[PDB]
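Colleague: My questions will all concern the structure given below.
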Amino acid sequence: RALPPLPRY
Amino acid sequence: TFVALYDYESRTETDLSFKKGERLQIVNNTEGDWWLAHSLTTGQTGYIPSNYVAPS
């Protein structure tokens with residue numbers, strides 16, 4: 001369940 | 001009472017997608033990075049990621 005890629009930023 | 005720090009755009013029918021500013025009644029969680037929360041709007045369940053939420 002790879003965590004969601006945070007909003008680039 | 002946690003708060004969605006990030007806009008979760010879940011793509012499955014299990015986890016509920018939410019936006020920033022939306023409150024989520026956390027349920028159980030203290031081991032992995034995925035917790036189960038419950039929205040106090042319609043009354044459904046949705047696993048919300050911890051990186052997109054935090055105690056507030």
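In the structure tokens, each chain is lettered A, B, ... as it comes, each chain's residues begin at 1, and ligands are numbered from 1 in order of appearance.
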Compile a residue-level contact table for chain A against chain B at a cut-off of 9 Å, reporting for every qualifying residue the shortest atom pair and its distance in Å to one decimal, with only C-alpha atoms counted, rows ordered by chain and ascending number, as a Markdown table.
Modeller:
| residue | atom | partner | partner_atom | distance |
| --- | --- | --- | --- | --- |
| A:1 | CA | B:34 | CA | 8.5 |
| A:3 | CA | B:49 | CA | 7.1 |
| A:4 | CA | B:49 | CA | 7.6 |
| A:6 | CA | B:51 | CA | 7.6 |
| A:7 | CA | B:6 | CA | 7.9 |
Colleague: Work out how far CA of residue 2 (chain A) is from CA of residue 56 (chain B), in Å to one decimal.
Modeller: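 Computing it gives 24.6 Å between the two atoms.
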Colleague: Would you kindly return, as a ChimeraX atom specification, each protein, DNA or RNA residue with an atom no farther than 12 Å from any atom of residue 46 (chain B), considering only C-alpha atoms and excluding same-chain residues fewer than 6 positions away?
Modeller: /B:8-18,24-28,34-40
Colleague: Between CA of residue 48 (chain B) and CA of residue 20 (chain B), what is the spacing in Å?
Modeller: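 Interatomic distance here is 12.2 Å.
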Colleague: Could you state the separation of CA of residue 9 (chain A) and CA of residue 55 (chain B) in Å, given to one decimal place?
Modeller: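 Taking CA of residue 9 (chain A) and CA of residue 55 (chain B), their separation equals 21.7 Å.
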